[PDB]
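A.B. asks: Opening piece of the complex, as it sits:
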Amino acid sequence: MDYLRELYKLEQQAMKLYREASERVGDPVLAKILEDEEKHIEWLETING
């Protein structure tokens, strides 16, 4: 059992960087991407079914 753990350990890893870089990249679509990736963690734990 490792599928969703590899997804979590890439999607949260990307999310950390998307949230970090925002104040230094200074573009609005970075903030929009956080809202997209939030569904991709909620659906992630749903994929345990």
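C.D. replies: Okay, I see it. Numbers count the residues shown, from 1 in each chain, chains lettered A, B, ... in the order given.
A.B. asks: any idea how far residue A:9 is from the closest residue to residue A:4 other than its chain neighbours?
C.D. replies: Spatial nearest neighbour of residue A:4, chain neighbours left out: residue A:47 (5.3 Å); criterion: Cβ to Cβ, 6 or more residues apart in numbering. C-beta here means a position set from N, CA and C on the backbone, and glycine is covered the same way. Distance of residue A:47 to residue A:9, computed by Cβ to Cβ, to the nearest Å: 14 Å.
A.B. asks: follow-up on the earlier one: around the residue nearest to residue A:4, how many other residues sit close by?
C.D. replies: 10 (other Cβ atoms under 10 Å).
A.B. asks: if I pick it, what's in contact with it?
C.D. replies: A:3, A:4, A:7 (Cβ atoms under 8 Å, 6 or more residues apart in numbering).
A.B. asks: with the structure above as the base, add chain B:
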Amino acid sequence: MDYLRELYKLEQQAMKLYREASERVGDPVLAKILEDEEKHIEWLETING
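C.D. replies: Adding chain B to the chains above:
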């Protein structure tokens, strides 16, 4: 700026797997996820210059 390449190499690394696992897991939201991550490579290229 050497910033977005570290995000690219996580978003495209996740993409590689999201298209592979889909037929095995059999969930329609899994196929929706790889569709949403395409914008996250288009915008991630454009914002890199």
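A.B. asks: what do you get for the contacts of residue A:47 once chain B is counted?
C.D. replies: A:3, A:4, A:7, B:25, B:27, B:29, B:30 (Cβ atoms under 8 Å, 6 or more residues apart in numbering or on different chains).
A.B. asks: Compare these and tell me which is most surrounded.
C.D. replies: In terms of neighbours by other Cβ atoms under 10 Å in any protein chain shown, those top out with residue A:7 at 22 neighbours.
A.B. asks: Residue A:21 and residue B:1 touch, don't they?
C.D. replies: No - shown here, residue A:21 and residue B:1 do not form a contact pair, counting by Cβ atoms under 8 Å, at 9.8 Å.
A.B. asks: who's more crowded, these two?
C.D. replies: More neighbours surround residue A:21 than the other of residue A:21 and residue B:1, with 18 against 9 (other Cβ under 10 Å).
A.B. asks: Skip the chain neighbours and tell me the closest residue to the more buried one.
C.D. replies: The shortest distance from residue A:21 to any non-neighbouring residue, by Cβ to Cβ, 6 or more residues apart in numbering or on different chains, is to residue B:3 (5.9 Å).
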